[PDB]
């Protein structure tokens, strides 16, 4: 297992992929969460270019935190995750948006609000175990 909360320095550009493999810690019935935050600095309270929060079995919430303020919330009811199963997230950094694949198919998209070049850290946390975290070279 990798450390959770998991915090890493990153550098991203168009064409980068952030791969995350993990497993929910508890039954979906109890709504475990997963959160992935693309931050502008190493500090945890720094701004967030992409906030991706899964309410397993319920919904997905996406947003940005700009100058310490949460902006317009984006919601999805797509729930391709499977109770108890390991999942593989691939967050593709496209020219216009982040695209979040689950097990190789895109389910969530978030247009860039902050330039991708401002992202310097990614934190993965909440109710998962983590077996892989990789930023493409």
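Positions refer to the first chain, counted from 1.
Engineer: Between 67-75 and 31-39, which has the larger average Cα B-factor in the PDB entry?
Structural biologist: Stretch with the greater average CA B-factor: 67-75.
Engineer: For the listed residues 100, 60, 49, 26, which one has the largest C-alpha B-factor as given in the deposited model?
Structural biologist: Result of the comparison over 100, 60, 49, 26: 26.
Engineer: Name the third of the chain's ranked CA B-factors that contains residue 122, choosing lowest, middle or highest.
Structural biologist: Its C-alpha B-factor, which the entry lists for residue 122, ranks in the lowest third among residues of this chain.
Engineer: Report the third (lowest, middle or highest) to which the CA temperature factor of residue 82 belongs, ranking only the modelled residues of the same chain.
Structural biologist: Answer is highest: the recorded C-alpha B-factor places it there.
Engineer: Can you work out whether the C-alpha temperature factor of residue 90 puts it in the lowest, middle or highest third of the chain?
Structural biologist: Its C-alpha B-factor, which the entry lists for residue 90, ranks in the highest third among residues of this chain.
Engineer: Sorting the chain's modelled residues by C-alpha B-factor, tell me whether residue 114 ends up in the lowest, middle or highest third.
Structural biologist: Its C-alpha B-factor belongs to the highest third of this chain's values.
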